[PDB]
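First comes one chain, alone, set out as structure tokens in the form deposited in one PDB entry.
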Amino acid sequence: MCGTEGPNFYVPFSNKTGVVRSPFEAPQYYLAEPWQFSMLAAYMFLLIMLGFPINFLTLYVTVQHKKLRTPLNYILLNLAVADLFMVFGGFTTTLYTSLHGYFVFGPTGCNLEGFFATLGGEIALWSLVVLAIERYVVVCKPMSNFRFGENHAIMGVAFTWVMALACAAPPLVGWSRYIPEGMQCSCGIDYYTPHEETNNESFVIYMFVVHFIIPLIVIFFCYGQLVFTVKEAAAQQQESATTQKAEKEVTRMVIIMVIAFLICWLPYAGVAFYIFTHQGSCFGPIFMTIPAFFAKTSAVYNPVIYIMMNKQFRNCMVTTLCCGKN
């Protein structure tokens, strides 16, 4: 008797006192004090105020600078759009619901907010996977007669949308489901109940294998091989101080990107490990949503790492912000 069940929700709070209410109807101030809902709102406001400008500016400077519109940069624009889906499908709705203390848009809005927020995060995840694959192909040259062009980059972008849809769409039609989660102000995949009517168990396995294990392996393999190839070529040209300088910065950047990916990935692994190692206590709204809570900031630091640290985008952003000068 850990929470309270109802049609389309699971409030992680016991109803022996009789105070639990539908998260679609009344504020959940027994899960958390009102000031903590306000802090959830303040957190959403921070993500909005940092997330929108950085990601919109990425799309904007690409319009003004011809040299950014190269096929290898298409996946980065896809990343920027995905973060905007998270900013407007998730953060802004959650800022609005948190100030009410519950999900005021009903079960239909729960599927909408759940779908688009899950879609945004999925497109971003697979954009990082596709970018790793593309860089591996260009550098390690595993295909002998291959040249990466416009059609290939479009293929990679469409691939992320397909992978994002095959995660975000099944809960709309009977495999798992979308319900309020955590403090019940935002909606997502039901990892919290074993709803047999929608076969939640098998969807969690499928999420774990395809959308969690595989992205980590691909990112690690591609960047591992890329670093190996680059170190290998630089070893054959140690008389070039710039070759060694480029090798050091490629390695340093791959380390930064892998560590950033692990900072978002490991919390899920730790919490899932705890849920399956102990598996004997009730998990409050906060605990099993802690990985999701901190993974939201990826809408801010991913464009910082993949775009603002790119030498091209940075100078074009400075030129755009400073009205064409400097």
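The first residue of the shown sequence is 1; numbering continues from there.
Enquirer: If you take the mean CA temperature factor per stretch, which one wins between 122-130 and 147-155?
Expert: Looking at the record's C-alpha B-factors, the answer is 147-155.
Enquirer: Quick one: higher average CA temperature factor, 172-180 or 136-144?
Expert: Going by the record's values, the stretch with the higher mean is 136-144.
Enquirer: Check the PDB entry and point out which of 257, 286, 49, 39 has the largest C-alpha temperature factor.
Expert: So the option with the highest C-alpha B-factor is 286.
Enquirer: Compare the CA B factors listed in the entry for 35, 276, 301, 265 and report the winner.
Expert: Of 35, 276, 301, 265, 276 has the highest C-alpha B-factor.
Enquirer: Taking only the Cα B-factors deposited for this chain, tell me whether residue 58 sits in the lowest, middle or highest third.
Expert: Ranked within chain, residue 58 CA B lands in the middle tercile.
Enquirer: Among the modelled residues of this chain, does the Cα B factor of residue 109 put it in the lowest, middle or highest third?
Expert: Lowest third, going by the recorded CA B-factors of the chain.
Enquirer: When the deposited Cα B-factors of this chain's modelled residues are ordered and cut into thirds, is residue 89 in the lowest, the middle or the highest one?
Expert: Tercile = middle for this residue's CA B-factor.
Enquirer: Going by the entry, which third of its chain does the Cα temperature factor of residue 10 land in?
Expert: It belongs to the middle third of the chain when residues are ordered by C-alpha B-factor.
Enquirer: Which third of the chain holds residue 234 when residues are ordered by C-alpha B factor: lowest, middle or highest?
Expert: It falls in the top third of the chain.
The same protein has a further form, the form deposited with a partner chain bound, not shown here; the description that follows concerns it.
Enquirer: How about residue 250 - does it come within 4.5 Å of the partner chain in the deposited complex, if we only consider non-hydrogen atoms?
Expert: Although the partner chain is absent here, residue 250 would touch it in the deposited complex, with heavy atoms inside 4.5 Å.
Enquirer: Does the partner chain get within 4.5 angstroms of any non-hydrogen atom of residue 135 in the deposited complex?
Expert: Residue 135: yes, in contact with the partner chain in the deposited complex.
Enquirer: Though only this chain appears here, would residue 22 touch the partner chain in the deposited complex if you measure heavy atom gaps against 4.5 Å?
Expert: No, no contact at 4.5 Å.
Enquirer: Should residue 15 be counted as a contact of the partner chain in the deposited complex, where contact means heavy atoms within 4.5 Å?
Expert: It does not: once the partner chain is placed as it appears in the deposited complex, residue 15 has no heavy atom within 4.5 Å of it.
Enquirer: Of these, 79-87, 183-191, 135-143, 118-126, which stretch puts a heavy atom within 4.5 angstroms of the partner chain in the deposited complex?
Expert: One stretch meets the cut-off, namely 135-143.
Enquirer: Can we say 72, 230 and 243 each have a non-hydrogen atom within 4.5 Å of the partner chain in the deposited complex?
Expert: So, yes: the whole triplet contacts the partner chain.
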